[PDB]
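A.B. asks: I have a structure I would like to understand better, so I am pasting it below and will then ask my questions one at a time.
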Amino acid sequence: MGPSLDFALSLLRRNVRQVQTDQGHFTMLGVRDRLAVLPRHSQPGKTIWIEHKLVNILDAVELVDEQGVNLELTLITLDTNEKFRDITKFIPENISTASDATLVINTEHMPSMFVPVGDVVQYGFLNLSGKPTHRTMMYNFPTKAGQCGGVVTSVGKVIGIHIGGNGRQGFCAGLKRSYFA
Ligand SMILES: */C(=C/C(=O)OCC)[C@H](C[C@@H]1CCNC1=O)NC(=O)[C@@H](CC(=O)[C@@H](N)C(C)C)Cc1ccc(F)cc1
Numbered sequence: 000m001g002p003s004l005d006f007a008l009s010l011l012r013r014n015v016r017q018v019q020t021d022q023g024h025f026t027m028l029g030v031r032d033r034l035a036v037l038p039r040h041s042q043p044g045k046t047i048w049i050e051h052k053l054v055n056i057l058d059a060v061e062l063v064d065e066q067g068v069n070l071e072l073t074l075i076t077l078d079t080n081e082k083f084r085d086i087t088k089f090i091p092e093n094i095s096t097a098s099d100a101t102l103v104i105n106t107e108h109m110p111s112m113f114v115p116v117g118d119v120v121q122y123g124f125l126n127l128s129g130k131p132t133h134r135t136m137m138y139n140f141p142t143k144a145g146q147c148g149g150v151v152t153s154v155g156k157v158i159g160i161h162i163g164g165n166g167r168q169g170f171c172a173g174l175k176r177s178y179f180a
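Below, the structure is given as C-alpha cells:
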C-alpha cells in the first residue's frame with residue numbers, strides 16, 4: 000500500500016464517522032480526546048447518532064470569527080470512553096491550500112467514499128443560503144447533498160470540512176490547529 004491511501008483509510012478507521020442529526024446524514028471528524036467537529040448546519044442536539052449508537056453531547060461550540068461571522072463549524076464534546084486518535088498535528092496552524100486533494104466522506108448513505116476534488120484554493124467569503132460565512136476554500140468539483148462534513152485531505156494533512164456547493168464547485172470551511180487547542 001502506498002502512503003496516501005494508507006493515511007485516508009486510517010482516517011476512516013480511526014477519525015471519520017457516520018452520524019445523523021435531526022437535519023440528516025453527515026460525516027463527523029473526531030480530532031482528539033472527546034472532541035469532534037461537524038458543519039454548523041447539522042445542528043447537533045443533546046444527543047447524536049454515531050455509527051451504531053446514540054451518544055450524548057456534553058457541549059457544543061459554534062465557531063465565529065472576530066467580526067462575529069459564521070465559520071460553519073461546531074465543536075462537540077462527546078460523552079464517551081473513546082479518545083480519538085489525536086490528529087491535531089495533521090491540521091495546519093493556518094488555513095492552507097493544497098494540490099489534488101481528496102474529499103473523504105463517511106455517511107450511512109455514502110460509506111467510506113473517496114472523492115478526488117483536485118486543487119483546493121483560498122476562497123474566503125461564501126454565502127450559504129443567506130448566511131455569510133468566512134474562511135472557506137473551494138474546489139472545482141460538483142459536490143452534492145449528503146457530503147457535508149466530508150474531510151478535505153492532501154499529503155498527510157487535514158485542511159477542511161465540507162460545507163456547501165453550487166452544482167459546479169464545492170466549498171469547505173478551512174481548518175486551523177488552534178480551533179482544537
Ligand atoms: C451538505 C449538507 C446537505 O446535504 O444539506 C442537507 C442536509 C450540502 C452540500 C451542497 C449541496 C449541493 N452541493 C453541495 O456540496 N450543503 C448545503 O446544502 C448547504 C447550502 C448550499 O450548499 C447552497 N449552495 C444551497 C443553494 C444548496 C447547507 C447550509 C444551509 C444553511 C447554512 F447557513 C449553511 C449551510
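Okay, so the sequence shown: first residue is 0 according to the entry's author numbering, each after it adds one. Beta carbons: idealized from backbone N, C-alpha and C, even for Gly.
#1: The alpha helix (DSSP H) with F6 in it runs from where to where?
#2: For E81, which option in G23, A35, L125 has the closest C-alpha, if you only look at C-alpha atoms?
#3: Just tell me which of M109, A180, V60 has its CA closest to the CA of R16.
#4: In the DSSP assignment, find the unbroken beta strand (DSSP E) run with residue 182 in it and report its ends.
#5: How would you label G169, buried or exposed, when you count the other beta carbons within 10 angstroms and need 16 or more for buried?
#6: Count the other CB atoms within 10 Å of the CB of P38; is the residue buried (16 or more) or exposed (fewer)?
#7: Report yes if the C-beta of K88 is less than 7 angstroms from at least one heavy atom of ligand 1; otherwise report no.
C.D. replies: Let me spell this out:
#1: Position 7 of the sequence shown holds residue 6. Here the alpha helix (DSSP H) through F6 covers 2 to 13.
#2: Start at 1 with the first residue of the sequence shown, and residue 81 comes out as number 82. Looking from the CA of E81, the closest CA among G23, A35, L125 belongs to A35.
#3: As a first step, residue 16 must be located in the sequence shown, where it is residue number 17. Nearest C-alpha to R16: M109.
#4: Coverage of the chain is limited to positions 0 through 180, which leaves residue 182 absent and any answer about it impossible.
#5: Taking the sequence shown and counting its residues from 1, the one referred to as residue 169 is at position 170. Around the C-beta of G169, 16 or more other C-beta atoms lie within 10 Å, and the residue is accordingly described as buried.
#6: Taking the first residue of the sequence shown as position 1, residue 38 is located at position 39. Buried.
#7: On the sequence shown, residue 88 is found 89 positions in, with the first residue counted as 1. Every heavy atom of ligand 1 is 7 angstroms or more from the Cβ of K88, so no.
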